[PDB]
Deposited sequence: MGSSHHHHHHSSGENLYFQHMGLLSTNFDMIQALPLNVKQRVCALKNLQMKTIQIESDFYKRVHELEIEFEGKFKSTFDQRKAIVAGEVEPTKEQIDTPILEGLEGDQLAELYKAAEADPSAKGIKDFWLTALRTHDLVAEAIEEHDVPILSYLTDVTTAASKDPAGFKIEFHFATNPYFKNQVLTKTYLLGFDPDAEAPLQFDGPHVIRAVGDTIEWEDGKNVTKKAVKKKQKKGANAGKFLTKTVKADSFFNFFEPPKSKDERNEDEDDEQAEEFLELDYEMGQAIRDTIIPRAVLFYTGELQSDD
């Protein structure tokens, strides 16, 4: 979006401006940096607003967790809410008759796996060997922080034969000030560093690593759980144009989970939220 150089769309118009008009444009360039600096302060206030609203959302998220885990039963008010909207005639009543109750089925099985995999972006990171692991996810939560600035996403897993961790954490440290390397490019909070989480895999279960062979080396294998081994920033590095797009992809997937899936999880569970490619 923001270009740096002789590639600007109206360069030839700029080049022909008399010097005194050029100097007026320079002043607007300076003023534009002040405008972006104020936008930075705005984004900081929005971040604190999101922090403040965690307590407000908490009740509905906790009740969802309790319902999904089978720890609380639906009320009559909840039962009278249609499972799906926009159904003609007897279709709702017939939908409720299509499968009798099963008291052995507790809570909502595979809720978070189904919600995650129905979002097109997160779906692209879920391989088939990830599916039986994500079936043990009991909750996905998110919390933001002011100091240091950023947020985290936590994946809660019941006891499972894949790994010992009960919570897998992904943490994003964000910069809210305009970039000193490019002040005019600031478009909101930007990821400084993504910090993953060490997975304590049981024997033979690490689907993120594979060996290839005179020499044998361990290489990355496609897996959603590479979400917890994010690529390093330049400050910790030892390809730069391709590691940094991968970090942006990882951050964008984090943003989708935090901003979209977690607040609207059941609509992805049903598949009522769809994306036209």
Stretches of the deposited sequence lacking C-alpha coordinates, in sequence order, are 1 to 17, 231 to 241, 267 to 269
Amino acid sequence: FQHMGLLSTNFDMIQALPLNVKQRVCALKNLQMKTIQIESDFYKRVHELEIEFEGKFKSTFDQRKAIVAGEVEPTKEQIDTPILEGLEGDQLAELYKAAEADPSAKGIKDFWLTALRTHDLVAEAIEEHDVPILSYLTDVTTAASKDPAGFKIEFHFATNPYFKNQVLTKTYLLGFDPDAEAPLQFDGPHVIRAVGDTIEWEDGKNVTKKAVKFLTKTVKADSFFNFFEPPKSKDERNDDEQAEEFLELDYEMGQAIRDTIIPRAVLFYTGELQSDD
From here on, numbers count along this sequence of modelled residues.
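Under this definition, the rigid core comprises the largest set of C-alpha atoms superposing within 1.5 Å between the forms.
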Between 202 to 210 and 119 to 127, which has the larger RMS C-alpha deviation from this form in 5 other deposited structures of this protein after core superposition? 202 to 210
By Cα RMS to this form in 5 other deposited structures of this protein after fitting the core, the stretch ranking higher of 103 to 111 and 84 to 92 is 84 to 92
Can you check if residue 233 is missing its coordinates in at least one third of the other PDB entries compared, counting only those that model the residues either side of it? yes
For residue 220, does the count of other compared entries lacking it reach at least a third? no
Which is higher on average in the deposited entry, the C-alpha temperature factors of 71 to 79 or of 114 to 122? 71 to 79
Tell me which stretch, 50 to 58 or 227 to 235, has the higher mean Cα B-factor listed in the entry. 227 to 235
Note to self: of 139, 128, 197, 181, the C-alpha temperature factor tops out at 181
From the entry's CA B-factor values, the highest among 134, 207, 105, 173 is 105
Report the third (lowest, middle or highest) to which the CA temperature factor of residue 251 belongs, ranking only the modelled residues of the same chain. middle
Going by the entry, which third of its chain does the Cα temperature factor of residue 213 land in? highest
Please place residue 156 in the lowest, middle or highest third of its chain according to the CA B-factor in the PDB entry. lowest
Name the third of the chain's ranked CA B-factors that contains residue 186, choosing lowest, middle or highest. highest
For residue 262, does the deposited CA B-factor place it in the lowest, middle or highest third of the chain? lowest
